[PDB]
>>> print(open('my_file12.pdb').read())   # PDB, C-alpha atoms
ATOM      1  CA  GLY X   2     108.320 -33.877-129.849  1.00  0.00           C
ATOM      2  CA  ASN X   3     110.682 -34.719-132.706  1.00  0.00           C
ATOM      3  CA  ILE X   4     112.670 -33.277-135.637  1.00  0.00           C
ATOM      4  CA  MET X   5     111.238 -35.486-138.393  1.00  0.00           C
ATOM      5  CA  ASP X   6     108.766 -32.664-139.126  1.00  0.00           C
ATOM      6  CA  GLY X   7     105.928 -34.780-140.555  1.00  0.00           C
ATOM      7  CA  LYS X   8     103.156 -36.762-138.864  1.00  0.00           C
ATOM      8  CA  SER X   9     102.759 -38.818-142.033  1.00  0.00           C
ATOM      9  CA  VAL X  10     106.457 -39.696-141.910  1.00  0.00           C
ATOM     10  CA  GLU X  11     106.049 -41.024-138.372  1.00  0.00           C
ATOM     11  CA  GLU X  12     103.154 -43.242-139.437  1.00  0.00           C
ATOM     12  CA  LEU X  13     105.207 -44.634-142.314  1.00  0.00           C
ATOM     13  CA  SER X  14     108.209 -45.243-140.063  1.00  0.00           C
ATOM     14  CA  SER X  15     106.084 -46.689-137.265  1.00  0.00           C
ATOM     15  CA  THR X  16     109.421 -46.825-135.436  1.00  0.00           C
ATOM     16  CA  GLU X  17     111.188 -43.514-136.096  1.00  0.00           C
ATOM     17  CA  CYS X  18     111.627 -42.735-132.396  1.00  0.00           C
ATOM     18  CA  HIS X  19     112.864 -46.248-131.640  1.00  0.00           C
ATOM     19  CA  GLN X  20     115.594 -46.073-134.286  1.00  0.00           C
ATOM     20  CA  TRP X  21     116.856 -42.727-132.994  1.00  0.00           C
ATOM     21  CA  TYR X  22     116.678 -44.023-129.433  1.00  0.00           C
ATOM     22  CA  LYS X  23     119.306 -46.631-130.343  1.00  0.00           C
ATOM     23  CA  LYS X  24     121.310 -44.299-132.568  1.00  0.00           C
ATOM     24  CA  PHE X  25     121.754 -41.719-129.805  1.00  0.00           C
ATOM     25  CA  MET X  26     123.916 -44.390-128.170  1.00  0.00           C
ATOM     26  CA  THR X  27     126.656 -43.729-130.715  1.00  0.00           C
ATOM     27  CA  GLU X  28     126.340 -39.943-130.323  1.00  0.00           C
ATOM     28  CA  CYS X  29     125.122 -39.438-126.752  1.00  0.00           C
ATOM     29  CA  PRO X  30     127.116 -40.964-123.810  1.00  0.00           C
ATOM     30  CA  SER X  31     126.491 -44.539-122.678  1.00  0.00           C
ATOM     31  CA  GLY X  32     123.559 -43.455-120.503  1.00  0.00           C
ATOM     32  CA  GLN X  33     123.735 -39.776-119.509  1.00  0.00           C
ATOM     33  CA  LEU X  34     121.901 -36.815-121.063  1.00  0.00           C
ATOM     34  CA  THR X  35     120.726 -33.440-119.726  1.00  0.00           C
ATOM     35  CA  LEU X  36     117.114 -32.248-119.880  1.00  0.00           C
ATOM     36  CA  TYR X  37     118.010 -29.179-121.945  1.00  0.00           C
ATOM     37  CA  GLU X  38     119.888 -31.169-124.569  1.00  0.00           C
ATOM     38  CA  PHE X  39     117.100 -33.723-124.378  1.00  0.00           C
ATOM     39  CA  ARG X  40     114.402 -31.245-125.330  1.00  0.00           C
ATOM     40  CA  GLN X  41     116.688 -29.487-127.784  1.00  0.00           C
ATOM     41  CA  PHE X  42     117.576 -32.752-129.516  1.00  0.00           C
ATOM     42  CA  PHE X  43     113.943 -33.862-129.776  1.00  0.00           C
ATOM     43  CA  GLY X  44     112.717 -30.383-130.759  1.00  0.00           C
ATOM     44  CA  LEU X  45     110.891 -27.481-129.119  1.00  0.00           C
ATOM     45  CA  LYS X  46     112.536 -24.774-131.236  1.00  0.00           C
ATOM     46  CA  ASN X  47     109.548 -22.555-132.054  1.00  0.00           C
ATOM     47  CA  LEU X  48     105.740 -22.515-132.122  1.00  0.00           C
ATOM     48  CA  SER X  49     105.818 -23.769-128.513  1.00  0.00           C
ATOM     49  CA  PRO X  50     105.076 -20.881-126.095  1.00  0.00           C
ATOM     50  CA  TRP X  51     102.334 -21.559-123.541  1.00  0.00           C
ATOM     51  CA  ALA X  52     102.333 -25.155-124.756  1.00  0.00           C
ATOM     52  CA  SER X  53     105.885 -25.461-123.435  1.00  0.00           C
ATOM     53  CA  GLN X  54     104.778 -23.957-120.146  1.00  0.00           C
ATOM     54  CA  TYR X  55     102.278 -26.803-119.767  1.00  0.00           C
ATOM     55  CA  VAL X  56     104.728 -29.476-120.919  1.00  0.00           C
ATOM     56  CA  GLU X  57     107.119 -28.456-118.124  1.00  0.00           C
ATOM     57  CA  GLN X  58     104.633 -29.533-115.449  1.00  0.00           C
ATOM     58  CA  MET X  59     103.920 -32.782-117.277  1.00  0.00           C
ATOM     59  CA  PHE X  60     107.647 -33.365-117.724  1.00  0.00           C
ATOM     60  CA  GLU X  61     108.300 -33.276-113.981  1.00  0.00           C
ATOM     61  CA  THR X  62     105.632 -35.922-113.364  1.00  0.00           C
ATOM     62  CA  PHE X  63     106.742 -37.933-116.403  1.00  0.00           C
ATOM     63  CA  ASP X  64     110.343 -37.783-115.183  1.00  0.00           C
ATOM     64  CA  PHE X  65     109.453 -40.139-112.310  1.00  0.00           C
ATOM     65  CA  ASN X  66     112.738 -39.678-110.453  1.00  0.00           C
ATOM     66  CA  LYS X  67     112.250 -35.940-110.899  1.00  0.00           C
ATOM     67  CA  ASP X  68     116.017 -35.721-111.420  1.00  0.00           C
ATOM     68  CA  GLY X  69     118.016 -33.162-113.421  1.00  0.00           C
ATOM     69  CA  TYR X  70     119.520 -35.795-115.732  1.00  0.00           C
ATOM     70  CA  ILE X  71     118.319 -38.619-117.995  1.00  0.00           C
ATOM     71  CA  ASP X  72     119.894 -42.025-117.320  1.00  0.00           C
ATOM     72  CA  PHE X  73     119.783 -45.275-119.300  1.00  0.00           C
ATOM     73  CA  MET X  74     116.927 -46.632-117.191  1.00  0.00           C
ATOM     74  CA  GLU X  75     114.830 -43.582-118.051  1.00  0.00           C
ATOM     75  CA  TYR X  76     115.090 -44.472-121.746  1.00  0.00           C
ATOM     76  CA  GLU X  77     113.626 -47.900-121.022  1.00  0.00           C
ATOM     77  CA  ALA X  78     110.618 -46.207-119.448  1.00  0.00           C
ATOM     78  CA  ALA X  79     110.540 -43.786-122.371  1.00  0.00           C
ATOM     79  CA  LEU X  80     110.264 -46.656-124.853  1.00  0.00           C
ATOM     80  CA  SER X  81     107.220 -47.972-123.010  1.00  0.00           C
ATOM     81  CA  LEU X  82     105.691 -44.489-123.146  1.00  0.00           C
ATOM     82  CA  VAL X  83     105.903 -44.322-126.946  1.00  0.00           C
ATOM     83  CA  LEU X  84     104.706 -47.930-127.415  1.00  0.00           C
ATOM     84  CA  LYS X  85     103.248 -50.625-125.144  1.00  0.00           C
ATOM     85  CA  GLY X  86     105.106 -53.804-126.092  1.00  0.00           C
ATOM     86  CA  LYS X  87     103.753 -56.829-124.231  1.00  0.00           C
ATOM     87  CA  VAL X  88     100.391 -56.524-122.496  1.00  0.00           C
ATOM     88  CA  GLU X  89     102.001 -57.612-119.226  1.00  0.00           C
ATOM     89  CA  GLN X  90     104.625 -54.904-119.655  1.00  0.00           C
ATOM     90  CA  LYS X  91     101.883 -52.378-120.325  1.00  0.00           C
ATOM     91  CA  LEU X  92     100.271 -53.089-116.959  1.00  0.00           C
ATOM     92  CA  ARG X  93     103.577 -52.573-115.143  1.00  0.00           C
ATOM     93  CA  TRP X  94     104.207 -49.461-117.205  1.00  0.00           C
ATOM     94  CA  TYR X  95     100.798 -48.084-116.276  1.00  0.00           C
ATOM     95  CA  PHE X  96     101.583 -48.372-112.567  1.00  0.00           C
ATOM     96  CA  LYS X  97     105.096 -47.038-113.099  1.00  0.00           C
ATOM     97  CA  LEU X  98     103.654 -44.036-114.933  1.00  0.00           C
ATOM     98  CA  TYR X  99     102.157 -42.895-111.622  1.00  0.00           C
ATOM     99  CA  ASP X 100     105.365 -43.907-109.828  1.00  0.00           C
ATOM    100  CA  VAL X 101     103.375 -43.458-106.614  1.00  0.00           C
ATOM    101  CA  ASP X 102     103.189 -39.660-106.582  1.00  0.00           C
ATOM    102  CA  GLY X 103     101.390 -39.914-103.231  1.00  0.00           C
ATOM    103  CA  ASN X 104     101.466 -42.015-100.051  1.00  0.00           C
ATOM    104  CA  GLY X 105      99.616 -44.868-101.774  1.00  0.00           C
ATOM    105  CA  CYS X 106      95.903 -45.641-102.075  1.00  0.00           C
ATOM    106  CA  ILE X 107      94.215 -43.395-104.672  1.00  0.00           C
ATOM    107  CA  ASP X 108      90.651 -42.150-104.176  1.00  0.00           C
ATOM    108  CA  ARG X 109      88.365 -40.181-106.491  1.00  0.00           C
ATOM    109  CA  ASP X 110      89.274 -36.853-104.863  1.00  0.00           C
ATOM    110  CA  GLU X 111      92.992 -37.421-105.431  1.00  0.00           C
ATOM    111  CA  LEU X 112      92.246 -38.503-108.990  1.00  0.00           C
ATOM    112  CA  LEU X 113      90.749 -35.037-109.560  1.00  0.00           C
ATOM    113  CA  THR X 114      94.089 -33.540-108.523  1.00  0.00           C
ATOM    114  CA  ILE X 115      96.078 -35.839-110.764  1.00  0.00           C
ATOM    115  CA  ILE X 116      93.848 -34.892-113.697  1.00  0.00           C
ATOM    116  CA  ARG X 117      95.808 -31.645-114.171  1.00  0.00           C
ATOM    117  CA  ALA X 118      98.791 -33.910-114.772  1.00  0.00           C
ATOM    118  CA  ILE X 119      96.961 -35.654-117.628  1.00  0.00           C
ATOM    119  CA  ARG X 120      95.128 -32.844-119.454  1.00  0.00           C
ATOM    120  CA  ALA X 121      92.714 -29.977-118.743  1.00  0.00           C
ATOM    121  CA  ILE X 122      89.661 -28.841-120.707  1.00  0.00           C
ATOM    122  CA  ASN X 123      92.092 -27.787-123.435  1.00  0.00           C
ATOM    123  CA  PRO X 124      90.311 -30.043-126.033  1.00  0.00           C
ATOM    124  CA  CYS X 125      87.629 -28.334-128.124  1.00  0.00           C
ATOM    125  CA  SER X 126      85.172 -31.169-127.424  1.00  0.00           C
ATOM    126  CA  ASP X 127      84.599 -33.542-124.508  1.00  0.00           C
ATOM    127  CA  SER X 128      84.319 -32.342-120.919  1.00  0.00           C
ATOM    128  CA  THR X 129      81.043 -30.434-121.477  1.00  0.00           C
ATOM    129  CA  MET X 130      82.352 -28.147-118.724  1.00  0.00           C
ATOM    130  CA  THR X 131      84.845 -30.101-116.605  1.00  0.00           C
ATOM    131  CA  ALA X 132      86.498 -33.515-116.905  1.00  0.00           C
ATOM    132  CA  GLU X 133      86.223 -33.952-113.146  1.00  0.00           C
ATOM    133  CA  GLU X 134      82.477 -34.652-113.336  1.00  0.00           C
ATOM    134  CA  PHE X 135      83.236 -37.485-115.745  1.00  0.00           C
ATOM    135  CA  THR X 136      85.638 -39.181-113.346  1.00  0.00           C
ATOM    136  CA  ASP X 137      83.255 -38.898-110.407  1.00  0.00           C
ATOM    137  CA  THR X 138      80.256 -40.072-112.427  1.00  0.00           C
ATOM    138  CA  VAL X 139      82.000 -43.189-113.740  1.00  0.00           C
ATOM    139  CA  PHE X 140      83.650 -43.833-110.379  1.00  0.00           C
ATOM    140  CA  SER X 141      80.351 -43.492-108.527  1.00  0.00           C
ATOM    141  CA  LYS X 142      78.563 -45.869-110.893  1.00  0.00           C
ATOM    142  CA  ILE X 143      81.349 -48.447-110.639  1.00  0.00           C
ATOM    143  CA  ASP X 144      81.524 -48.063-106.849  1.00  0.00           C
ATOM    144  CA  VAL X 145      83.987 -50.944-107.207  1.00  0.00           C
ATOM    145  CA  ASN X 146      81.229 -52.840-105.384  1.00  0.00           C
ATOM    146  CA  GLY X 147      82.875 -51.768-102.125  1.00  0.00           C
ATOM    147  CA  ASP X 148      86.424 -50.609-101.430  1.00  0.00           C
ATOM    148  CA  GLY X 149      86.043 -47.434-103.488  1.00  0.00           C
ATOM    149  CA  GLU X 150      89.667 -46.509-102.834  1.00  0.00           C
ATOM    150  CA  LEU X 151      92.167 -47.941-105.333  1.00  0.00           C
ATOM    151  CA  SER X 152      94.772 -50.426-104.096  1.00  0.00           C
ATOM    152  CA  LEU X 153      97.331 -52.404-106.126  1.00  0.00           C
ATOM    153  CA  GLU X 154      95.226 -54.813-108.197  1.00  0.00           C
ATOM    154  CA  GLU X 155      92.439 -52.263-108.375  1.00  0.00           C
ATOM    155  CA  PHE X 156      95.090 -49.846-109.567  1.00  0.00           C
ATOM    156  CA  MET X 157      94.779 -51.260-113.079  1.00  0.00           C
ATOM    157  CA  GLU X 158      91.008 -51.006-112.690  1.00  0.00           C
ATOM    158  CA  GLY X 159      91.432 -47.247-113.126  1.00  0.00           C
ATOM    159  CA  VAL X 160      92.264 -47.680-116.828  1.00  0.00           C
ATOM    160  CA  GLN X 161      89.038 -49.666-117.161  1.00  0.00           C
ATOM    161  CA  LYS X 162      87.120 -46.579-116.010  1.00  0.00           C
ATOM    162  CA  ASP X 163      85.810 -45.499-119.430  1.00  0.00           C
ATOM    163  CA  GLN X 164      86.864 -45.517-123.088  1.00  0.00           C
ATOM    164  CA  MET X 165      86.171 -41.788-123.381  1.00  0.00           C
ATOM    165  CA  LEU X 166      88.458 -41.162-120.414  1.00  0.00           C
ATOM    166  CA  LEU X 167      91.029 -43.644-121.645  1.00  0.00           C
ATOM    167  CA  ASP X 168      91.072 -42.021-125.083  1.00  0.00           C
ATOM    168  CA  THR X 169      92.109 -38.701-123.548  1.00  0.00           C
ATOM    169  CA  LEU X 170      94.608 -40.448-121.285  1.00  0.00           C
ATOM    170  CA  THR X 171      96.106 -42.277-124.253  1.00  0.00           C
ATOM    171  CA  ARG X 172      96.900 -39.011-126.012  1.00  0.00           C
ATOM    172  CA  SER X 173      98.455 -37.646-122.816  1.00  0.00           C
ATOM    173  CA  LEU X 174     100.613 -40.738-122.286  1.00  0.00           C
ATOM    174  CA  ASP X 175     102.965 -40.209-125.211  1.00  0.00           C
ATOM    175  CA  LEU X 176     106.066 -38.364-126.446  1.00  0.00           C
ATOM    176  CA  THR X 177     105.637 -37.385-130.116  1.00  0.00           C
ATOM    177  CA  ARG X 178     101.874 -37.894-130.365  1.00  0.00           C
ATOM    178  CA  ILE X 179     101.581 -34.788-128.190  1.00  0.00           C
ATOM    179  CA  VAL X 180     102.129 -32.858-131.421  1.00  0.00           C
ATOM    180  CA  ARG X 181      98.588 -33.925-132.273  1.00  0.00           C
ATOM    181  CA  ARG X 182      97.235 -32.069-129.244  1.00  0.00           C
ATOM    182  CA  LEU X 183      99.084 -28.925-130.309  1.00  0.00           C
ATOM    183  CA  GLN X 184      97.421 -29.042-133.725  1.00  0.00           C
ATOM    184  CA  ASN X 185      94.015 -29.462-132.091  1.00  0.00           C
TER
END
>>> encode(input="my_file12.pdb", output="structure tokens")
Amino acid sequence: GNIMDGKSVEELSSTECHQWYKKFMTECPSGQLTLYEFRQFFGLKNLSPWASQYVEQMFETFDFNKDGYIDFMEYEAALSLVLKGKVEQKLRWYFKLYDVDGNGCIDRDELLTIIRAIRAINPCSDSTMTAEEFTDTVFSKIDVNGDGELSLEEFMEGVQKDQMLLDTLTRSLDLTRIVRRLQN
């Protein structure tokens, strides 16, 4: 999360995280920071029990390199997470987000396993019972007109899936916005 303590403040700043991301350079080393100090610096002091327990799993997948330290390169990826920048960059970022957590080629069944990584039926609305039926139903209808499995170019096609799906994914793919989910 963050230490600004105010969603409204973030909206006004529209770049609060970015400014601190550059400032840490003067305080934090050139490009080396631990995960503990990372979470401590950003926040996670109180009012984060089970929610923290779920963020740990997401953190490992979001880490990408799944390392025990945060390098300079990680920050670059982090910036893309908070924003989107250029549309071309967004597409690369989308693929990078997955950082190939498998052996390549993603089918509907695998997608159901990734889902936990994104978000469960935690939301009060949506997912009448399970989000999995939504992915299969949209996937089945699309049928990609052959080649159901997702390759490289089709990889981006996954985001096309559905706006309702994308809306939930958008909330998941973020750093400080996550605070919104906690409030929900």
>>> closest_residue(input="my_file12.pdb", among="X:156, X:25, X:135, X:70", to="residue 93 (chain X)", atoms="only C-alpha atoms")
X:156
>>> closest_residue(input="my_file12.pdb", among="X:157, X:113, X:183, X:45", to="residue 97 (chain X)", atoms="only C-alpha atoms")
X:157
>>> residues_around(input="my_file12.pdb", residues="residue 83 (chain X)", least_positions_apart="5", cutoff="8 Å", atoms="all atoms listed in the file", output="MDAnalysis selection string")
chainID X and resid 174:177
>>> atom_distance(input="my_file12.pdb", atom1="CA of residue 179 (chain X)", atom2="CA of residue 2 (chain X)")
7.0 Å
>>> resolve_selection(input="my_file12.pdb", expression="the PyMOL selection byres ((chain X and resi 133) around 12)", output="PDB file with C-alpha atoms, in the frame of the given file")
ATOM      1  CA  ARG X 109      88.365 -40.181-106.491  1.00  0.00           C
ATOM      2  CA  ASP X 110      89.274 -36.853-104.863  1.00  0.00           C
ATOM      3  CA  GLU X 111      92.992 -37.421-105.431  1.00  0.00           C
ATOM      4  CA  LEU X 112      92.246 -38.503-108.990  1.00  0.00           C
ATOM      5  CA  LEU X 113      90.749 -35.037-109.560  1.00  0.00           C
ATOM      6  CA  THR X 114      94.089 -33.540-108.523  1.00  0.00           C
ATOM      7  CA  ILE X 115      96.078 -35.839-110.764  1.00  0.00           C
ATOM      8  CA  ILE X 116      93.848 -34.892-113.697  1.00  0.00           C
ATOM      9  CA  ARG X 117      95.808 -31.645-114.171  1.00  0.00           C
ATOM     10  CA  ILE X 119      96.961 -35.654-117.628  1.00  0.00           C
ATOM     11  CA  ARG X 120      95.128 -32.844-119.454  1.00  0.00           C
ATOM     12  CA  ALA X 121      92.714 -29.977-118.743  1.00  0.00           C
ATOM     13  CA  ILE X 122      89.661 -28.841-120.707  1.00  0.00           C
ATOM     14  CA  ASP X 127      84.599 -33.542-124.508  1.00  0.00           C
ATOM     15  CA  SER X 128      84.319 -32.342-120.919  1.00  0.00           C
ATOM     16  CA  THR X 129      81.043 -30.434-121.477  1.00  0.00           C
ATOM     17  CA  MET X 130      82.352 -28.147-118.724  1.00  0.00           C
ATOM     18  CA  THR X 131      84.845 -30.101-116.605  1.00  0.00           C
ATOM     19  CA  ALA X 132      86.498 -33.515-116.905  1.00  0.00           C
ATOM     20  CA  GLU X 134      82.477 -34.652-113.336  1.00  0.00           C
ATOM     21  CA  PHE X 135      83.236 -37.485-115.745  1.00  0.00           C
ATOM     22  CA  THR X 136      85.638 -39.181-113.346  1.00  0.00           C
ATOM     23  CA  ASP X 137      83.255 -38.898-110.407  1.00  0.00           C
ATOM     24  CA  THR X 138      80.256 -40.072-112.427  1.00  0.00           C
ATOM     25  CA  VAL X 139      82.000 -43.189-113.740  1.00  0.00           C
ATOM     26  CA  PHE X 140      83.650 -43.833-110.379  1.00  0.00           C
ATOM     27  CA  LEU X 166      88.458 -41.162-120.414  1.00  0.00           C
TER      28      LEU X 166
END
>>> resolve_selection(input="my_file12.pdb", expression="the PyMOL selection byres ((chain X and resi 184) around 12)", output="list in words")
residues 8, 48, 49, 52, 123, 124, 125, 178, 179, 180, 181, 182, 183 and 185 of chain X
>>> closest_residue(input="my_file12.pdb", among="X:98, X:80, X:69, X:63", to="residue 37 (chain X)", atoms="all atoms listed in the file")
X:69
>>> closest_residue(input="my_file12.pdb", among="X:3, X:173, X:14, X:104", to="residue 62 (chain X)", atoms="only C-alpha atoms")
X:173
>>> atom_distance(input="my_file12.pdb", atom1="CA of residue 168 (chain X)", atom2="CA of residue 126 (chain X)")
12.6 Å
>>> axis_aligned_box(input="my_file12.pdb", around="region 49-68 of chain X", padding_each_side="8 Å", output="JSON")
{"center_x": 109.1, "center_y": -30.5, "center_z": -119.5, "size_x": 29.7, "size_y": 35.3, "size_z": 34.1}
>>> build_atoms(input="my_file12.pdb", residues="region 96-114 of chain X", atoms="N, CA and C atoms", output="PDB file, keeping the file's coordinate frame")
ATOM      1  N   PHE X  96     101.322 -48.654-113.976  1.00  0.00           N
ATOM      2  CA  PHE X  96     101.583 -48.372-112.567  1.00  0.00           C
ATOM      3  C   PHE X  96     102.802 -47.472-112.422  1.00  0.00           C
ATOM      4  N   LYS X  97     103.859 -47.807-113.152  1.00  0.00           N
ATOM      5  CA  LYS X  97     105.096 -47.038-113.099  1.00  0.00           C
ATOM      6  C   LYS X  97     104.836 -45.587-113.493  1.00  0.00           C
ATOM      7  N   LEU X  98     103.967 -45.385-114.477  1.00  0.00           N
ATOM      8  CA  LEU X  98     103.654 -44.036-114.933  1.00  0.00           C
ATOM      9  C   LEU X  98     103.332 -43.148-113.733  1.00  0.00           C
ATOM     10  N   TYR X  99     102.511 -43.658-112.817  1.00  0.00           N
ATOM     11  CA  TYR X  99     102.157 -42.895-111.622  1.00  0.00           C
ATOM     12  C   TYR X  99     103.348 -42.816-110.670  1.00  0.00           C
ATOM     13  N   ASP X 100     104.191 -43.847-110.699  1.00  0.00           N
ATOM     14  CA  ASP X 100     105.365 -43.907-109.828  1.00  0.00           C
ATOM     15  C   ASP X 100     105.011 -43.442-108.419  1.00  0.00           C
ATOM     16  N   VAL X 101     103.831 -43.837-107.951  1.00  0.00           N
ATOM     17  CA  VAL X 101     103.375 -43.458-106.614  1.00  0.00           C
ATOM     18  C   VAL X 101     103.743 -42.012-106.302  1.00  0.00           C
ATOM     19  N   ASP X 102     102.942 -41.081-106.814  1.00  0.00           N
ATOM     20  CA  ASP X 102     103.189 -39.660-106.582  1.00  0.00           C
ATOM     21  C   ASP X 102     102.591 -39.228-105.248  1.00  0.00           C
ATOM     22  N   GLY X 103     102.005 -40.187-104.531  1.00  0.00           N
ATOM     23  CA  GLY X 103     101.390 -39.914-103.231  1.00  0.00           C
ATOM     24  C   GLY X 103     101.907 -40.881-102.173  1.00  0.00           C
ATOM     25  N   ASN X 104     101.096 -41.108-101.140  1.00  0.00           N
ATOM     26  CA  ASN X 104     101.466 -42.015-100.051  1.00  0.00           C
ATOM     27  C   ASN X 104     100.814 -43.379-100.253  1.00  0.00           C
ATOM     28  N   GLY X 105     100.285 -43.605-101.454  1.00  0.00           N
ATOM     29  CA  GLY X 105      99.616 -44.868-101.774  1.00  0.00           C
ATOM     30  C   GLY X 105      98.106 -44.706-101.656  1.00  0.00           C
ATOM     31  N   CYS X 106      97.361 -45.701-102.130  1.00  0.00           N
ATOM     32  CA  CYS X 106      95.903 -45.641-102.075  1.00  0.00           C
ATOM     33  C   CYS X 106      95.400 -44.378-102.768  1.00  0.00           C
ATOM     34  N   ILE X 107      94.730 -44.545-103.913  1.00  0.00           N
ATOM     35  CA  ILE X 107      94.215 -43.395-104.672  1.00  0.00           C
ATOM     36  C   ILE X 107      92.691 -43.386-104.710  1.00  0.00           C
ATOM     37  N   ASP X 108      92.105 -42.310-104.189  1.00  0.00           N
ATOM     38  CA  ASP X 108      90.651 -42.150-104.176  1.00  0.00           C
ATOM     39  C   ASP X 108      90.212 -41.230-105.313  1.00  0.00           C
ATOM     40  N   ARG X 109      88.904 -41.037-105.444  1.00  0.00           N
ATOM     41  CA  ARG X 109      88.365 -40.181-106.491  1.00  0.00           C
ATOM     42  C   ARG X 109      88.842 -38.737-106.339  1.00  0.00           C
ATOM     43  N   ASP X 110      88.859 -38.235-105.105  1.00  0.00           N
ATOM     44  CA  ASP X 110      89.274 -36.853-104.863  1.00  0.00           C
ATOM     45  C   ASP X 110      90.710 -36.614-105.326  1.00  0.00           C
ATOM     46  N   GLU X 111      91.597 -37.550-105.021  1.00  0.00           N
ATOM     47  CA  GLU X 111      92.992 -37.421-105.431  1.00  0.00           C
ATOM     48  C   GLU X 111      93.080 -37.462-106.953  1.00  0.00           C
ATOM     49  N   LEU X 112      92.277 -38.341-107.542  1.00  0.00           N
ATOM     50  CA  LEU X 112      92.246 -38.503-108.990  1.00  0.00           C
ATOM     51  C   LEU X 112      91.958 -37.158-109.659  1.00  0.00           C
ATOM     52  N   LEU X 113      91.102 -36.355-109.033  1.00  0.00           N
ATOM     53  CA  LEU X 113      90.749 -35.037-109.560  1.00  0.00           C
ATOM     54  C   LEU X 113      91.959 -34.104-109.553  1.00  0.00           C
ATOM     55  N   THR X 114      92.875 -34.350-108.629  1.00  0.00           N
ATOM     56  CA  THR X 114      94.089 -33.540-108.523  1.00  0.00           C
ATOM     57  C   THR X 114      95.146 -34.015-109.497  1.00  0.00           C
TER      58      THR X 114
END
